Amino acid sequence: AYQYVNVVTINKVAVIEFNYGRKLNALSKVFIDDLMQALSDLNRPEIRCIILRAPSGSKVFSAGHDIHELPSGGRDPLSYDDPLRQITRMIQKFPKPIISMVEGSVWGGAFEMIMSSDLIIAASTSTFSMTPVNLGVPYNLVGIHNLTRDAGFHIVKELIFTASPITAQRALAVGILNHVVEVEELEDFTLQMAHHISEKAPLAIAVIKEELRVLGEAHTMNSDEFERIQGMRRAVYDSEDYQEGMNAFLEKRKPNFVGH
């Protein structure tokens, strides 16, 4: 029923498997629109737990935001109705637990997407990179906030400022992952936990997830502080460095950033 995902439901658990490997499951508008439609279709009383996964043996879980669809004009790359911003809101408001079951490497916006989900179970060979400083992208407040609820600030700043991949073992040690398992155990481990969750009280799960959502969002600031930050972000997405980040990716070369 979907071009870019495959859904299998057994009992009360649904697995949403990405079907966009020819583009390394990059978060293009057409891929995200399918993922959201699939989730909306599973918002039914008889579904109690969702798993998100890439196909078995994927080297790349998701290559993150489709760099071709990043606006290189004068507009904000991560506005409120950007597909990545829509799917993280939808995951976080969804009244059922969503488990990210990760095999392969996770990049940029896709790292934010799994951090927005409720649990992350990962193969021992998976790797995680947060990439905006590679491309000159001024990541937005909501998007950065979504990266701060698991690991501490010093770890988050290392991940962002270096853009270096971290292993699953390190991602477990710093609090980003729930569980790391050998890849041959990943599906069996994840289905055991999803089917267990699906026997618990769904209305209690939904209200507790929504309470955590609101508490997690409840770092408040005044209008002047947000407008000041928006001005700073606009100076970045208007920058020569932002154009250079995109151009360098599309030309398959290393960017030369100059601080303008």
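Residues carry their position along the shown sequence, with the first being 1. We call the rigid core whatever largest set of C-alpha positions still superposes within 1.5 Å between the two forms.
Trainee: Can you check whether 65-73 or 27-35 lies farther from the displayed model in 5 other deposited structures of this protein, averaging C-alpha distances as RMS after superposing on the core?
Mentor: Taking the RMS over all superposed structures in 5 other deposited structures of this protein, 65-73 lies farther out.
Trainee: When the Cα temperature factors in the entry are averaged, is it 8-16 or 246-254 that ends up higher?
Mentor: Result: 246-254.
Trainee: Look up the CA B-factors in the entry and say which stretch, 67-75 or 82-90, has the higher mean.
Mentor: According to the PDB entry, the answer is 67-75.
Trainee: Would you mind finding, among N43, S223, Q192, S62, the residue with the largest C-alpha temperature factor in the entry?
Mentor: Among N43, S223, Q192, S62, the highest C-alpha B-factor in the entry belongs to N43.
Trainee: Sorting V142, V183, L177, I98 by Cα temperature factor from the record, which one lands on top?
Mentor: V183 has the highest C-alpha B-factor of those listed.
Trainee: Where does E210 sit by CA temperature factor within its chain: lowest, middle or highest third?
Mentor: As the PDB entry reports it, the C-alpha B-factor of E210 lands in the middle third of its chain.
Trainee: Based on the deposited C-alpha B factors for this chain, I'd like to know if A38 is in the lowest, middle or highest third.
Mentor: For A38, the deposited C-alpha B-factor lands in the middle third.
Trainee: Taking the values exactly as deposited, rank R233 by C-alpha B-factor within its chain and report the matching third: lowest, middle or highest.
Mentor: According to the entry, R233 has a C-alpha B-factor in the chain's lowest third.
Trainee: Classify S116 as lowest, middle or highest third according to the C-alpha B-factor given in the PDB entry, relative to its own chain.
Mentor: Lowest third - that is where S116 ends up once the chain's C-alpha B-factors are sorted.
Trainee: According to the PDB entry, is the CA B factor of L172 in the bottom, middle or top third of its chain, that is, lowest, middle or highest?
Mentor: Its C-alpha B-factor belongs to the lowest third of this chain's values.
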